[PDB]
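> Give me a model of this one.
(chains A, B, C, D, E, F, G and H)
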Amino acid sequence: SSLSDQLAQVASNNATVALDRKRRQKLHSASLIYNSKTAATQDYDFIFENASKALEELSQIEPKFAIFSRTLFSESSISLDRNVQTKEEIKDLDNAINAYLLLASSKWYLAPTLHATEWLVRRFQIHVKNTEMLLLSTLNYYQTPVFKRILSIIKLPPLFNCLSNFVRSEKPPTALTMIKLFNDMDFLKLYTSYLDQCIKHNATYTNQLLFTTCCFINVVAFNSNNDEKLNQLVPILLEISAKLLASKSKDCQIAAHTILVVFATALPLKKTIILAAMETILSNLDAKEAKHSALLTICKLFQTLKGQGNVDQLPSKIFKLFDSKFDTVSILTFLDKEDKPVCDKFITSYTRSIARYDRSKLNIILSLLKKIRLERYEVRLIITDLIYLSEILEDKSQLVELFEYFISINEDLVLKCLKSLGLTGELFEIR
Amino acid sequence: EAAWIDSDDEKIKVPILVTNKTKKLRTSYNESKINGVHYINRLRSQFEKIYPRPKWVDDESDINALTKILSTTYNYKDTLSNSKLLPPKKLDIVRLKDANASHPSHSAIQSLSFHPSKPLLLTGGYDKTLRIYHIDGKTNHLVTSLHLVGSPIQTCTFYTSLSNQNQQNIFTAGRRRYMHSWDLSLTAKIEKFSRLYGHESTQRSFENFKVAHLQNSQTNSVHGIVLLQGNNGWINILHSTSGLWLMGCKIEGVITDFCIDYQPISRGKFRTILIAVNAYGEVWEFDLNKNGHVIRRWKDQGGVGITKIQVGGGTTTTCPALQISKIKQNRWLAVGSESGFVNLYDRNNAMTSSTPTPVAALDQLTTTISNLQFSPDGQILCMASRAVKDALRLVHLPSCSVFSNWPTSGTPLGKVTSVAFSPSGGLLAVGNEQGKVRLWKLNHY
Amino acid sequence: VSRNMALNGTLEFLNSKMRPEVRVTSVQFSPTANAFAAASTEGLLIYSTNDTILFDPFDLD
Amino acid sequence: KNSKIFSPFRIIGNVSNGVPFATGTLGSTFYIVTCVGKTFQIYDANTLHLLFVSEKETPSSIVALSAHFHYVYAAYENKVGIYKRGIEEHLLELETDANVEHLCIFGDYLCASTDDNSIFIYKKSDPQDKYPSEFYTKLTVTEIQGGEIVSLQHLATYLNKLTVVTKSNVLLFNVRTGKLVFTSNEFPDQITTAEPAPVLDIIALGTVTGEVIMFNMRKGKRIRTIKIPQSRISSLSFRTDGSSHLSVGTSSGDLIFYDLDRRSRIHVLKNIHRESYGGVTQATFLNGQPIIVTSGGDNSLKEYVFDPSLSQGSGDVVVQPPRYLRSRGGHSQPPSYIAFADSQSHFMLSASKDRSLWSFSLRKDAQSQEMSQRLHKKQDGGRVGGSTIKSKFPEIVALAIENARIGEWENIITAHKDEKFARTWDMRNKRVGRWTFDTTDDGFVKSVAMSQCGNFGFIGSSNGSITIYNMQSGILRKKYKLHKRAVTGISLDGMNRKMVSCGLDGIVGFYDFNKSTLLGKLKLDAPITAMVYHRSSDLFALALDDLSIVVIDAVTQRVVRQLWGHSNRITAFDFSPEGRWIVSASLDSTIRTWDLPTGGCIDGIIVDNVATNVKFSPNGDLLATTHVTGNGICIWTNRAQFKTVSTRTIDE
Amino acid sequence: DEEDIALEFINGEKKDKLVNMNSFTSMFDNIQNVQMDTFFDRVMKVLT
Amino acid sequence: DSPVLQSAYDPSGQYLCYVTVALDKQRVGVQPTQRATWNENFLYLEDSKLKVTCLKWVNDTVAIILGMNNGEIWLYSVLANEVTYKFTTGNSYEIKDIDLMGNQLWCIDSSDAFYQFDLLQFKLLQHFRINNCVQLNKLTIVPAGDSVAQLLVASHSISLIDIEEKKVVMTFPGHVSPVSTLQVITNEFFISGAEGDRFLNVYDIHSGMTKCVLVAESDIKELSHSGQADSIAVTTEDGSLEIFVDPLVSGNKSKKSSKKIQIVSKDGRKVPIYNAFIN
Amino acid sequence: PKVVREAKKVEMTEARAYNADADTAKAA
RNA sequence: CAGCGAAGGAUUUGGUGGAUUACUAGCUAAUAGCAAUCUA
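Numbers count the residues shown, from 1 in each chain, chains lettered A, B, ... in the order given. The coordinates are given below.
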């Protein structure tokens, strides 16, 4: 490499040190409130005292900023210089800055957080040192002047490369620019680690979940025509779906439901992946809107399932788990809705799992398959395992009235399954 | 704590200051020989400061169902044969040897049909010869070849009866007042049909015919019918062995095309329906297992210059049933037009409405629809136009979405003037105006 | 006439990692024995055949 | 059979054969010692330069080789050889007849496992000398204790102990007291590989079903397990530069990378080597470095590097995938054709059954390069046909290089298996050319030639018709139709004046070339299989079907010698550059040298593989043969370039 | 009759909506302060 | 090129079994070689990518063993039209050659493994593999009566194998290309011929010495020998037939063909001969 | 502009390694 | 338009790797040590 390249590397290392007055002015005029001519003449005491006022306002709004008043906004930090302590003190205060940023990511619509993080911008130089976490935290606010301001004063990371024509510009970045930003794979790994820290420290708020889910399903939509990009993309977004389903927020759970339903209708996933996805869906299902989205998600994920094995009995563990999260009244009511969801293959798998695993609730399967209409292969498999139920256990009135329903519609088909296995006079002598 | 002690290291005794590497793990300047367990601990700490201790060893040793299934799987889609129905938007179609590459054609290939059972492909065109090719992958050879002098051919069809499936006729016809029928016997015995039994004024050219099956409906005796499209609105149906005029069906307008649907009734009885389209867009369905009487008359939604109707999803005239119990009702019906618009109707619900709406109107190729054929399973429709070059699309259905990866800009489709689907192999033949049948295999089948 | 890289016009392709150029100024054939001399920059290069090697028969059977 | 003209020099073009290589570290640099059949080769890992080749061929194939600092330990049939700078320093004969097949070196001990599950320990005499030399003891792994020994390792800080990895068990021996300290519990599937982790007292085991176990050899437990379903695990390596990654190597040719800290899967390099030749056979991280060297049985040795992370704050979670770095390689299948590219004996063109044309260097093995098959554009502007999934050309039957106009236009003309056109190539650019010469009679190309003006190429089809194309512009100039069966040899004068063709109907046609006449036609007594034209003396030799070599001159059109003695079909032959000898090779496993002045056989070599190609250098330096097995090119040097040999006939 | 069972299995397949490049581009306009379940049914309306 | 992918006669040359493709699926048919003593029904391979790699007539319900490319030997009776029994190895490797002696079937694998099956017991008796034989594509049982000792296996290089020791007892210099015919002529000789060359060579199975070389004038596709070594008829790539009459006598080291037969039509079109039979 | 997948020029570094010659002891 | 025409074609460009001389290994205080270290 060349000498100017190696010197650009040492400039990028020494970016924040003010080595004379002109660099100090150019480096201290980068404010988030004031313009450059006021910001260059301000002091540390002035910006600290009104940032401490704004942190008291932000702390009486949300009381988790008081420990930042203890450490990051204390009065020892007026004289704390960033690039004079070692790497271990640097990583201490940079996870302090990361904690503040992913706590105050939600508060970015109210001016105390602007005047408070003004002091992180001007004392700790987080627009050029801790800049990836700053962009990732305020990414939701991209139509707003506060994201315009941080783009004007930011030094843009190499992963955020497509925002480089919207820095120091008067127009906001557009939604197609946001999808082009999210369309990378390394950016997707970065954003999923950011969400992992959000989910861990319990700071996921609904505007973030909406923006994140919108950009994720637009990434899947953009890559919907190349299977190798979809296959690069599956263990990233299904991993973040698992980590959103493994939390307590109903909003982040149905965000994961949205990601799972778009991804399963974008490409045909494996049967075992779909079953483990419904196990992870049911294993933390506690809300009601989450239950609504969870039933619709499990129905569509079973609908988008092809081949030999789409409508087996779902196994005993996952069927009794689905029973413990959704009883009979819930399933029957949801099928009785006039909007008519498409629940064909899932309801077939459900009734076959009832016939292999319950053997008491057969009047309810008569009522629900009276409600919704199925296909020929669905009802053929249903009456074949009802035939096997008749041959294993003694045939009472619930199985008899089920066969009366399967005689009252499509009696030629039940004749075809009895002639494929058994006989009609022998079956009438059975029951 | 430990699962073994060896009782030899405790009584060993090492030197230290003999080599420069072990000279660093002393704790004094008076140590010269140390015990073995001490020495092992010194170089254990030295190993730990050469390679620092990671977090994966002491962190953990061995709702997580999705994470576990992702950490074990490497492919994430359905594998090979647990699909059984086509994936949309991306085909899987290899190119084989061009079928008539062994023996070239001296004209544009006007019609093209596979055999119902044997691996035979019949091509034929305006050079008044018809050629049969044993097709395979590598070496599509020429079985036989018959040149009818003074009779250019426009439609040629393998007929194979349902009673004994042993006739194997070839019916062929062009812009003539006759139609030839070759009886396949592996000299060649062909006969000529040239008598409309009183109906010669309404049938001046035997070009557009189709061959179909018909049941007597008082016996269970089937026989083949040929169906000739005539001048006014007329379809003249006549026997495929005796040539006797059986019945005629007249539609009101300019008859442009027609197709044959079958529907089963009971064990061993089916019913033949002729589906004939005006130029304007109104469609007649005639029951013709009885006298040729109309049972339904509906109208195509949109569509003003109508060139070609086709059914599919069951037994068409191009996917024929070898055995009478294997006759199926067709699911799909595509009406393809002069602007390139192809309406697509789903006859599992669009037999009742009498102004039925299409499930989709395809618009991808912009000039006149001259072929549209359904694959035998009824999952692909093939639109094709003989007007511009490379105008062929394979539209997946039920999703009604065109495959976007084939044909590409480098497919040698040519000016597509005929197309044919194999009944068993999953295999397209596409004949163009240069005289070349190109051959492709769909790897789903 | 030369593979010396110390002369100039020797290499057609220079390693991508004045000098005396190489040139022949006079050529002459020998008047008595099947050779030629070339006045290069390195000296008088003398190229000659010899019949000790190269089996080259003349209509043997 | 020992020879008296040619003596063996080297076998070039070989990089690996799928013995797991060893890495070694002198100072802060690394070398990579890979086995090529019966020799090893040391490579400089910073640039993959060939430092050393072992001095003598071992009497059998090297089967297990390791490398400490300056010394390389190579185990073949019975014994362990200790080598420094190629030259062998010591030879340790084991006291068994069992084949030694594993070894480790730690401390003063070299431990070599045979295939009868015995282990031989060898000790240094005084701890200051360089290699273990004296016999110490013998260890035995009987059927009660464990299965077949599948690996033999020493994980660090274990005072004179040895981890023996059997197929089901892990034993731990004290090699001074000869004792079995600890035998682990069994493993429910057969373990194939082992690698010691840089974590203290942890080994990593790789099974024949798809799992990596992380056994803790002091607790006796397993720490964690990594499952890669339906994949047999053939390599294990650990990253040691502050990034805890593991790299497993799968015998379907895959290299999978795992993060052990956050338990994810970083990346998979698919088809990094061929499954048919063994998959990835040895993959190892150069320690402290983000570069991993892989090697496979397909005669290939690659390096992959991890670039630093693209996120400037996260890093550990955004791991950039491994990219390719330098690699060396050769043919993966034995070569089918051989030619010398120039008169200096520097490069030689070499085509193999794996459908690649390499250009191998006889001077420096880094200069060996695969001639590229990336086609040019069509001359008019139309589309070129062919499959979208690009594959290599059919394997090369013949070729002819004539670098009179080199760099100017197309230079090599080559003929492939069962296809009706001959491609061209440019040796200067090292790539294909713009022209494919057709035969114009629907016959496959049986021979090629080209003139030494470089203007004309000659195609000889299997329907007996010579077509003469221009190499610059690629168009048909002339077309001679003499033969009716396949034309197997075409050549032309050094003055472009008389051409000579030979077909397998057994007629040699002599044509004038400037005028298009024929000068004559001579009917031999067998179909002719191959012609070689010695161009200065104007004498061409024919390999007839009656197992003779007919030497005939083109000036007066007479058979002037006829050499008898081969017992089976003559595969190849070539003239001496002075045109005095002709060396032939045939399917009776023999190579003979004929002094065509006296007309008799000077020397004979019985060689175990049948030599399919024989070429002299255009100076009298080297003979290059090519055999049925072996992916390389065997190279001989004629001792008659330094002494004079007697032209007195051998027999038997 | 396994061919008839396979034909009825491929016959009982219903028309679905496929994801395009631009099936979800018009959601950024109304992800502003709506609830996440309203986002879920707005997505499900696009998918159906 | 020919549509007939595989073809072989029964012993005595009365029927011909032949595998051809039929619109992407293999089909196996049997024709009588003289009608004076059509057969329109085939065995159909139901998979598009399952194909026959070798076939052998058994000798008395008459049957064919068809060695497939999924580690199976199908056993197919020809009067009926079903595969009567499906031998399988433990693997998915395609099998390169089979043979039988009496009731004892032997077969070679693409992983260079030897399998032995018993046609009387329908069981896999033995499975092994031997060193330095690694590209095998032909085996031939050297006959010694009901004893099935001494296999003869080719990989471009023929090797004689004792099966009691599972080891190689002789090594013949084969060819420069894979061996395509490997057949035992007498109790002391075997002929071999490779892919894409026109040279057979007859080796002495007791010494290793090549007795003679037989030279076709085109690349050899198949060969047949009469049952008493007195004549060998090979059929070549250009559709011709070449008869070597009495090749095992003293044209001393290499012998040309004695007779050459080709077929033309009445037109001038030359049809190709594939797979003749001599007696 | 998309993100810049350019490769750096890789040079090896100086690494320390445990050698096992100190893992062998003799008895008196 | 004709022609060429295998699940696409063309043009332009950034980065890296290998060759661009003929392959005997790293460091040092060098007949040897080190390479985990030269220092008591």
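> so where does the closest residue to RNA strand H within chain C fall, helix or strand?
As assessed by C-beta to the nearest atom of the strand, RNA strand H sits closest to residue C:16 within chain C, at 3.5 Å. From N, CA and C alone the C-beta is placed, and that goes for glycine too. Here residue C:16 sits in a region with no helix or strand, counting by DSSP states H and E.
> That one - how many residues pack around it?
4 (other C-beta atoms under 10 Å in any protein chain shown).
> any idea which helix or strand carries residue 6?
No chain specified, so I'll use chain A. helix A:3-13.
> you looked at the wrong chain, it should be chain G
Applying DSSP H and E, one finds residue G:6 in no helix or strand.
> And it, how far from chain C?
21 Å (C-beta to the nearest C-beta, to the nearest Å).
> now do residue A:116
Residue A:116 sits 57 Å away from chain C, going by C-beta to the nearest C-beta.
> That residue: how many residues sit nearby?
By other C-beta under 10 Å, the residues close to residue A:116 number 27.
> Would you confirm that it contacts residue A:59?
No: using C-beta atoms under 8 Å as the test, residue A:116 is too far from residue A:59 to be in contact (9.2 Å).
> Now the common contact residues for the two.
Counting by C-beta atoms under 8 Å, 6 or more residues apart in numbering or on different chains, the contacts common to residue A:116 and residue A:59 are residue A:65.
> Now residue 35: phi and psi?
I went with chain A, as the question did not name one. Backbone torsions of residue A:35, given as degrees, to the nearest 10, read phi -80, psi -180.
> check contacts around it.
With contact set as C-beta under 8 Å, 6+ apart, residue A:35 has no partners.
> Convert the C-alpha atoms of the helix or strand containing residue D:437 to PDB, please.
Element membership for residue D:437 (DSSP H and E) is strand D:431-438. Extracted in PDB, the C-alpha atoms of strand D:431-438 (Å, rounded to 0.1, in the frame of the first residue of the first chain):
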ATOM      1  CA  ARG D 431      -6.100 -18.700 -23.100                       C
ATOM      2  CA  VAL D 432      -8.300 -20.100 -25.900                       C
ATOM      3  CA  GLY D 433      -8.400 -18.600 -29.300                       C
ATOM      4  CA  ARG D 434     -11.000 -17.200 -31.600                       C
ATOM      5  CA  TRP D 435     -11.100 -20.100 -34.000                       C
ATOM      6  CA  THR D 436     -12.500 -23.700 -34.000                       C
ATOM      7  CA  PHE D 437     -11.500 -25.400 -37.300                       C
ATOM      8  CA  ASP D 438     -14.200 -27.700 -38.600                       C
END
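> Give me the buried positions along that strand.
D:432-438 (16 or more other C-beta atoms under 10 Å in any protein chain shown).
> which helices and strands sit right next to it?
The contact analysis (3 or more C-beta pairs under 8 Å, 6 or more residues apart in numbering or on different chains; DSSP states H and E) places strand D:431-438 against strand D:421-426, strand D:456-461, strand D:466-470.
> now for those, which one comes closest to chain F?
Closest approach to chain F among the helices and strands packed on strand D:431-438 (C-beta to the nearest C-beta): strand D:456-461, 13.7 Å.
> now for that closest one, which elements pack on it?
Packed next to strand D:456-461, using 3+ C-beta pairs under 8 Å, 6+ apart, are strand D:421-426, strand D:431-438, strand D:445-450, strand D:466-470, strand D:487-492, strand D:498-503.
> before we move on, back to that, mind checking how far the residue of chain C closest to RNA strand H is from residue C:10?
17 Å (C-beta to C-beta, to the nearest Å).
> if we can go back for a sec, show residues contacting the strand holding residue D:437.
D:371-376, D:379, D:409-413, D:420-426, D:457, D:459, D:467, D:469, D:471, D:474.
> Could you check the angle it makes with strand D:466-470?
Angle between the axes of strand D:431-438 and strand D:466-470 is 140 degrees (criterion: axes from the mean of the first three to the mean of the last three C-alpha atoms, to 10 degrees).
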